[PDB]
Protein chains: 64
Amino acid sequence: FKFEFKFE
Amino acid sequence: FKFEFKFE
Amino acid sequence: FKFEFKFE
Amino acid sequence: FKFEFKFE
Amino acid sequence: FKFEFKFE
Amino acid sequence: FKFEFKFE
Amino acid sequence: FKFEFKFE
Amino acid sequence: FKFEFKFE
Amino acid sequence: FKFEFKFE
Amino acid sequence: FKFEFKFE
Amino acid sequence: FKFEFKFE
Amino acid sequence: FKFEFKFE
Amino acid sequence: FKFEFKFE
Amino acid sequence: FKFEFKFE
Amino acid sequence: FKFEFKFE
Amino acid sequence: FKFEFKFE
Amino acid sequence: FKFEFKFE
Amino acid sequence: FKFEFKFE
Amino acid sequence: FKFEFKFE
Amino acid sequence: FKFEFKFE
Amino acid sequence: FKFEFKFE
Amino acid sequence: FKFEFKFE
Amino acid sequence: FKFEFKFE
Amino acid sequence: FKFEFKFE
Amino acid sequence: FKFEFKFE
Amino acid sequence: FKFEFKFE
Amino acid sequence: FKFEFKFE
Amino acid sequence: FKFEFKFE
Amino acid sequence: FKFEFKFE
Amino acid sequence: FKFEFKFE
Amino acid sequence: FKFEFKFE
Amino acid sequence: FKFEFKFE
Amino acid sequence: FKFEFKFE
Amino acid sequence: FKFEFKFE
Amino acid sequence: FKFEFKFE
Amino acid sequence: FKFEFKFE
Amino acid sequence: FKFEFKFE
Amino acid sequence: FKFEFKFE
Amino acid sequence: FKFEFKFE
Amino acid sequence: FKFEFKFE
Amino acid sequence: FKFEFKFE
Amino acid sequence: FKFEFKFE
Amino acid sequence: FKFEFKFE
Amino acid sequence: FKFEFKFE
Amino acid sequence: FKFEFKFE
Amino acid sequence: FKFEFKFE
Amino acid sequence: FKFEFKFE
Amino acid sequence: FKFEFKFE
Amino acid sequence: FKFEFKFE
Amino acid sequence: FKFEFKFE
Amino acid sequence: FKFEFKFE
Amino acid sequence: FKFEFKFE
Amino acid sequence: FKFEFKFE
Amino acid sequence: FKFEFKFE
Amino acid sequence: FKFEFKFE
Amino acid sequence: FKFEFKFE
Amino acid sequence: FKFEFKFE
Amino acid sequence: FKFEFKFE
Amino acid sequence: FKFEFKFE
Amino acid sequence: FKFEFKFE
Amino acid sequence: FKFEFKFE
Amino acid sequence: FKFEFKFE
Amino acid sequence: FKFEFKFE
Amino acid sequence: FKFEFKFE
């Protein structure tokens, strides 16, 4: 139930 | 589930 | 059951 | 399943 | 069973 | 299967 | 078994 | 098989 | 759950 | 219940 | 809970 | 109730 | 509680 | 109530 | 309480 | 009420 | 859908 | 929705 | 959505 | 929302 | 959102 | 928010 | 947020 | 906040 | 925050 | 605060 | 804080 | 304060 | 504080 | 004060 | 204070 | 004052 | 900019 | 199969 | 820049 | 299935 | 740079 | 499901 | 560089 | 849920 | 290099 | 919850 | 290389 | 809580 | 290689 | 509390 | 390889 | 309290 | 110079 | 879907 | 030089 | 979604 | 040389 | 979201 | 050579 | 968030 | 060779 | 946060 | 070979 | 925080 | 081979 | 804090 | 083989 | 604090 957030 | 939000 | 979201 | 939404 | 969506 | 929807 | 759809 | 539908 | 916020 | 924060 | 703050 | 802080 | 401060 | 301090 | 200061 | 000091 | 405009 | 603007 | 501008 | 700016 | 600028 | 700057 | 600069 | 500097 | 510099 | 210095 | 230098 | 020195 | 040196 | 010396 | 030397 | 000497 | 598709 | 979309 | 999609 | 989004 | 999304 | 965000 | 997010 | 942050 | 965070 | 920090 | 932190 | 430090 | 620390 | 040290 | 320490 | 030492 | 476009 | 362009 | 663009 | 560009 | 950009 | 770039 | 950048 | 770069 | 960098 | 680098 | 670095 | 490195 | 390092 | 290393 | 080290 | 190592 993951939630990855790349900013860059 | 799993999610990607790659900004850039 | 992935969901990729590239913005960029 | 799997999904791509590449904006750009 | 992929579904690519390029916008750009 | 697999699908492409490249807009642009 | 691909299905490409270019719009542009 | 494989298919192209390039609009433009 | 789990979360990623990778800046860079 | 993790919360990763990469800066770099 | 648990937290990551990896700088670098 | 951990709090990791990597600098490096 | 518990804390990590790993420099390097 | 620990406090780890790695320098290295 | 308790403390760690591991240098190296 | 310990105080560990590793140098190495 | 494509457009082009040349002035010269 | 492509757009082209030549100026020479 | 794409745009281009050439001056020369 | 692509943008292109040629100058030669 | 992408931009590019070429001068030459 | 990509940015590109060519100079030759 | 990304930037790039090429001179040559 | 990525930055790129090519010089050849 | 990342920087890179390539000379060649 | 990453820094990269290529020289070839 | 990280630095790297490659010469070759 | 990481430092890297490649030479090949 | 870390350093590394690779020659090859 | 870590030090690393690779030679291959 | 640590040192290491690998030759091979 | 650790010292390491690998030779393979 | 509607569309519709059938195969087989 | 079957397929359709809308735009603008 | 709306959209809508159906399959199957 | 079904799918839609909005932008700007 | 708003957004909205629906599936299923 | 449902999803939305904002930027800038 | 604000942000906002909602799901479900 | 809900989520937001600020930068710079 | 400020920051702010909210969840739930 | 709530979270913030400062750097440099 | 200052810092500041708040939680809760 | 609250937390801060200094370096160099 | 100074330091300073505060908590609570 | 409060804490500080010096090195080298 | 001096040192100094304060607490409380 | 207070604490210090010397080496080498 | 001045320009406008309308579609739909 | 309106449009604008200005020059000079 | 001067430029402006408007959309939506 | 406004835009601007300046040169010279 | 001189440059400026404005968005939003 | 303002921007600047200088050269020379 | 000389360079400057401003943002926000 | 100011910036600088010098070369030569 | 010579280099300098400034930030903040 | 000043910086320097010398080579040669 | 020769090198120097300055920070702060 | 000064630095030096010599080789050869 | 020969090497030297200076710090502080 | 001086340093030396010899090889060969 | 031969080796030497000096410190302080 | 001198050092020596011999091999072979």
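In short, a report on the structure. Residue labels used throughout are counted from 1 along each chain in written sequence order rather than taken from the entry, whose numbering may differ, and residues without coordinates are not included. Both sets of labels track the order of writing: A upward for chains, 1 upward for ligands. Excluding hydrogens and water, the side-chain values take into account all heavy atoms of the structure. Residues with missing side-chain atoms are left out of burial classes, side-chain pairs and their counts.

## A closer look at the interface of chain AI and chain AH
Residue contacts follow a heavy-atom distance rule, with two residues in contact if any of their heavy atoms lie within 4.5 Å. Opposite the eight residues of chain AI that make contact, chain AH presents eight residues. Of the residues in the side of chain AI that touches chain AH, the class split is four nonpolar, no polar and four charged. Direction of pairing for strand β1 (residues 4-6) of chain AH relative to strand β1 (residues 4-6) of chain AI: antiparallel, over a ladder of three bridges. Across the sheet, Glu-4 of chain AH pairs through a bridge with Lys-6 of chain AI, a residue of β1 of chain AI. Note that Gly is not counted as nonpolar here; it falls among the polar residues with everything else outside the nonpolar set of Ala, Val, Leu, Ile, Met, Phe, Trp, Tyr, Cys and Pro and the charged set of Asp, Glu, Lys and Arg. Two strands are said to pair when DSSP picks up at least two bridges between them. Numbering of helices and strands runs from the N terminus; a helix is a DSSP stretch of H or I covering at least four residues, while a strand is a stretch of E covering at least two.

## Section: the packing of aromatic side chains
Ring geometry for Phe-7 of chain B and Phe-7 of chain AL: centres 6.5 Å apart, planes at 75°, overall edge-to-face. With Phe-7 of chain B in strand β1 (residues 6-7) and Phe-7 of chain AL in the segment after β1 (4-6), the pair connects residues from two separate chains. Between rings of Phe, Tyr and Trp, where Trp is taken as its six-membered ring, a pair exists when centres lie within 6.5 Å; planes separated by under 30 degrees are stacked, by over 60 edge-to-face, and by other angles tilted.

## Remarks on the pattern of salt bridges
A pair is scored as a salt bridge if a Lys or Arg side-chain nitrogen falls within 4 Å of a carboxyl oxygen belonging to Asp or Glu. We note a salt bridge from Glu-4 of chain C to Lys-6 of chain B, for which the minimum N-O separation is 3.7 Å. With one member in each of two chains, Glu-4 of chain C in the segment before β1 (6-7) and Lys-6 of chain B in strand β1 form a pair that bridges those chains.

## Here we look at the pairing of strand β1 (residues 3-7) of chain BF
Pairing analysis gives four bridges linking strand β1 (residues 2-7) of chain BE to β1 of chain BF, with the strands arranged antiparallel. Counterpart to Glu-4 of chain BE in the pairing with β1 of chain BF is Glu-4 of chain BF. Bridge count between β1 of chain BF and strand β1 (residues 2-5) of chain BG: two bridges; the pairing is antiparallel. Looking at the pairing, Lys-6 of chain BF lines up with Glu-4 of chain BG of β1 of chain BG.

## Digging into the arrangement of the chains
At the level of C-alpha atoms, the two units chain A and chain G stay apart, their nearest approach being 28 Å. In this assembly chain G lies apart from chain J, the nearest approach of their C-alpha atoms being 36 Å.

## Some remarks on unusual backbone geometry
Even without being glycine, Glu-8 of chain B reaches a positive phi, approximately 110°. The residue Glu-8 of chain B is located in the segment after β1 in this model.

## Section: the side chain of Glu-4 of chain R
A polar contact of 2.9 Å, which involves the side chain of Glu-4 of chain R, links it to the backbone nitrogen of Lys-6 of chain R. The residues touching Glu-4 of chain R, leaving out its near neighbours within four places in the chain, are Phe-3, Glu-4 and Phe-5 of chain Q together with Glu-4 of chain S. We define a polar contact as two N or O atoms separated by no more than 3.5 Å, with the added condition that, inside protein, one atom must be a possible hydrogen donor and the other a possible acceptor, whereas residues neighbouring each other in sequence contribute only through side-chain atom pairs.

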